[PDB]
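One chain comes next, on its own, written out as structure tokens in the form deposited in one PDB entry.
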């Protein structure tokens, strides 16, 4: 509920900022501090994942054939690949969000920017429904920031 709202806030803003290059300075939700720290963390670690795995991201996007809202409302397969062994950690969660940013950039390229928001929902959706129990035990997005603190 609040975990969903916060996760959606963070993932929606990262994907929009990655696709447009413009920071959304409109105010945050109730938990502004945690979400702003999580977004700053994604700007570091998420951008690096895209740089390292650009070829593999291109191949997976090519295999998924994402081009519309229906394709956007169906990020399985990525959920298979990032959690094929079924193990959950913050690095794999980051990699899922990083691929979402990679798809959002492509949606901007083919003039489908309206699909970026439903992309953030389905990624947030499959993340929270599948890993809720794990996300709560790791103290949510504060544990995310503290893990990647550096």
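If you superpose the two forms and keep the largest set of C-alpha atoms that fall within 1.5 Å, you have the rigid core. Residue numbers count along the first chain shown, from 1.
One more form of this protein exists, namely the form deposited in another entry; it is left out here, but the text below deals with it.
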Item to check | Rigid core superposition between this form and the one not shown: residue from 106, 43, 81, 92 with Cα shift of 2 Å or more | outcome: 81
Checklist entry - Versus the form shown, are the CA atoms of residue 112 and residue 21 closer or farther apart in that other deposited form, given a shift of 3 angstroms or more? => result closer
Checklist outcome for this item: Under comparison with the form shown, the C-alpha atoms of residue 50 and residue 113 in that other deposited form shift by 3 angstroms or more, placing them farther
